[PDB]
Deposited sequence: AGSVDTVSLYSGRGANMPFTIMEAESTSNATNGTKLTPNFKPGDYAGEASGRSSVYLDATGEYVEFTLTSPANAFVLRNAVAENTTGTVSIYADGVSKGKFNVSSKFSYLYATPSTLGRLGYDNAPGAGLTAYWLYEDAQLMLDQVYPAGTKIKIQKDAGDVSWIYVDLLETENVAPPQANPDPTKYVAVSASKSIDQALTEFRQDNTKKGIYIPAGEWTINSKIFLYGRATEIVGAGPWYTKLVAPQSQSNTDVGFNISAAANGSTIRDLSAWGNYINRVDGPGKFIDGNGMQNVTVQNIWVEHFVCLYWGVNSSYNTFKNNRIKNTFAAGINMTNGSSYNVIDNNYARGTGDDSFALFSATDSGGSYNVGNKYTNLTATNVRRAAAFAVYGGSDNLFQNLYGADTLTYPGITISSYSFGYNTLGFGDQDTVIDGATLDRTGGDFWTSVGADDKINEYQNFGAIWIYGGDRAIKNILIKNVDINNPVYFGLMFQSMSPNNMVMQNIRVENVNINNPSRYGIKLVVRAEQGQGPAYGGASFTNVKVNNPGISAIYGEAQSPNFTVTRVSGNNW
């Protein structure tokens, strides 16, 4: 792609190909700002009746997602036109946006939904979904326009366009018990469990209340919808932060959940509840072509192995998208798209079973990461992250590679490579933590590169980063750092075929003193065919001040 191959096309409102009579924001990297939080770090602000932005389809489309920002505590409309003819109205809302903190309390980002004295609003963008009754061809002018009766103002960030097939019917009424207006999901599952000839349940097109955790047990179960634009599982929207969805017991290992969407009612992060799917220790489960929003996470695996998450869309969550922890091995996380997660979009946390091993995180896109990293790997052995696209992180790297234990029981990285192979990272990095007494100080925070290689309190070894393009990172391309006083010696850290384009500070930073009490990096790293192009200050910082770290320039480096 790079990244996930999805049926929707993403088009930025601010593209020079798009006529507008509105106000195009100049880009910045500021959280809590309508430019800094936008995809591409820009949006088009429509602020008077008749203001519009005109997109042009590059593929046929009958369905649209508008990422936008409106005023706090408001709902309303904005209009959509095809070739100059009005065709409908998006339902735009800030119900799920606006999370409050202060510049020195970014640790609270996502947790606090109420405004207050001295508090700044963050997480300003949200989405509106709309299907039209015609497939419009590529080349159609799709205009988003603020007409009389629409919202007072709106920032238009991007438009998804998609040609959605008609809804898929029950695959076989004699094998899949249908949910219906008078038969709930739980009732259909009971009928399935008690009849050995059933393969599972079918959930038709429509909106279906999920007001509980729905338990899958008895045997492997198939849950099949009509397609994610059609089958909508809806948490009670007059409630907030209800822990609803599915919970897969061991007896239902081997289950499949596919072809549906789930619309949660979380308005802030809560730690504990809030994963759409629970499945501690689950095995052989497939989650495919589902679209989930407004949960804390899609899935947080705990010693969960041999599972497949494929073709999913994870948008606007309050913490991590998918995390696999504590022994989770041999999972296939393939061809998933995440936008707007509230912590690491796709993560692997290895802890004691010795390591999380054999996982394949492939063809993944993670953008508009509202806190933490697009991709994060904490220890492990023999895990692959391949064909990745990450962009527009608010506070942290595109890719975190860390051997910090966080106080848990872990051995760090193991004896087989953790591989990052094929990645494009656009406008990644950010500010987090504090930098009191730091070297190379530019603000009150620690400052994160597109890729952060952090030796923590556990072994940091066998890391291969290859075939990566890093475009316009906030600060740095590659950032290497060792936690003091542990000073774990980094071994077998290799970087190959990497382009670092226009970093504002340095192509590569060896962190010398992150904050008071911290020192430089230990071990070394090899660089082959690593190009640093147009750095703001210099290609590499910290080499002379890092006497315990050896930079090896194998060949092909312009620095």
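Novice: Which parts of the deposited sequence lack C-alpha coordinates in this model? Number from residue 1, please.
Specialist: Unmodelled stretches, in sequence order: 1-11, 364-366.
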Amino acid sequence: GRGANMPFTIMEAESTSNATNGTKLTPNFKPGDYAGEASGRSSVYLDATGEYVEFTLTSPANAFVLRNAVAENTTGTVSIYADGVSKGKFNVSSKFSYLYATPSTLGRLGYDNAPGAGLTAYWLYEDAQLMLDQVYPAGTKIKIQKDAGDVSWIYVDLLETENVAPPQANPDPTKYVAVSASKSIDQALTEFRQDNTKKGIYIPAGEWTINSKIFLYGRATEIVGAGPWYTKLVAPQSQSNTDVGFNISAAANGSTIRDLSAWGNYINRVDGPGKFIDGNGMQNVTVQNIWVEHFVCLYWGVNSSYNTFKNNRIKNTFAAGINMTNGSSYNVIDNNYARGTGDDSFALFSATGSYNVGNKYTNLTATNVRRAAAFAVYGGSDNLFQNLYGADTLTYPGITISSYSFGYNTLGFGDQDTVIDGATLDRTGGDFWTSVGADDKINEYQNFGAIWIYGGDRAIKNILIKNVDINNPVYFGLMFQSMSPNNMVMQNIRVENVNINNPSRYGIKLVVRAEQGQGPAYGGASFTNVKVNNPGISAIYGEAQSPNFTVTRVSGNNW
From here on, numbers count along this sequence of modelled residues.
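Novice: Between 507-515 and 61-69, which has the larger average Cα B-factor in the PDB entry?
Specialist: So the stretch with the higher mean C-alpha B-factor is 507-515.
Novice: Would you mind comparing 400-408 and 383-391 for me and telling me which has the higher average C-alpha temperature factor in the entry?
Specialist: The deposited B-factors put 400-408 ahead on the C-alpha mean.
Novice: Per the coordinate record, which of the options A347, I290, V302, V234 holds the highest CA temperature factor?
Specialist: The record points to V302.
Novice: Based on the PDB record, which member of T221, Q239, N163, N331 exhibits the highest Cα temperature factor?
Specialist: Highest C-alpha B-factor among the listed options: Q239.
Novice: Relative to the other modelled residues in the chain, which third contains the C-alpha temperature factor of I453: lowest, middle or highest?
Specialist: Middle third.
Novice: In terms of the chain's CA B-factor thirds, is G40 lowest, middle or highest?
Specialist: Tercile = lowest for this residue's CA B-factor.
Novice: By its CA B factor, does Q283 count among the lowest, middle or highest third of the modelled residues in the chain?
Specialist: Tercile = middle for this residue's CA B-factor.
Novice: Would the CA B-factor of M324 place it in the lowest, middle or highest third of its chain?
Specialist: Middle third of the chain for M324's C-alpha B-factor.
Novice: Quick check on the deposited entry: does the C-alpha B-factor of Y306 sit in the lowest, middle or highest third of its chain?
Specialist: Middle third.
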